[PDB]
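J.: Supplied in structure tokens, the structure appears directly below.
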Amino acid sequence: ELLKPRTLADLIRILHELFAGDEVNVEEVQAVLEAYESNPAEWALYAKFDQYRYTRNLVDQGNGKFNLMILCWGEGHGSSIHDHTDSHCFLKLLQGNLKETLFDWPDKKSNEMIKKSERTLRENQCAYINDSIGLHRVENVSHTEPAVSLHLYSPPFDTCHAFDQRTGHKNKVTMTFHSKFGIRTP
Ligand SMILES: [Fe+3]
């Protein structure tokens, strides 16, 4: 029984219900994320930016079942091309816009990774990715507007791979949290 989340706190409560079991109804999770109307006052505590790159701000650890985090993208900040470590990954825009570029998994042959598609994710929209869909890069291409996004990963993961667009070669990278539960974590 999916009801509209009234607030971020209500969304979190609903997510704990949707992840109470061992499987994930992706379409329901995506729908409830989309239905939460971003309210900046509710997530200001987590919106901690860094001047030089995007930050990852942990909001909730789920039932051990998921990481819910807010990513804060300064103007021009973007990610590597990366995978999602065999997890579901949902990305909902809370403020601004992000460009998502999709790539196929590289072949063993060292070649340039050519994008398969791109799209512009707009405020309140929720995208979904997993490794079977492909790899992606997420960018705030704005020169004037920060972006803020709400990400949910299940199962949680703390490492992923970055892919070199020139060759397809990958390297393992550990996620660092800029803050946890509103507290800066140097
Ligand atoms: Fe991603």
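Numbers here mean position along the shown chain, with the first residue as 1.
Note: Cβ is positioned from N, Cα and C throughout, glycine not excepted.
Summarising the annotation, Swiss-Prot assigns Fe cation binding site to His82, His84, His136 and lists experimental evidence as the type of evidence.
Could you place the listed features in the three-dimensional structure?
T.: Long-range Cβ proximity for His136 (Fe cation binding site), meaning a same-chain Cβ under 8 A and a gap of 6 or more residues, is found for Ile81, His82, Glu100, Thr101, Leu102, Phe103, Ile129.
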J.: Centre the Cβ atoms of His82, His84, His136, go out 8 Å, and tell me which other residues of that chain have a Cβ in range of the Fe cation site.
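T.: After dropping the recorded site residues, what remains is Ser79, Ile81, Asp83, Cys89, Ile129, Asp131, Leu135, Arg137, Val138, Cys160.
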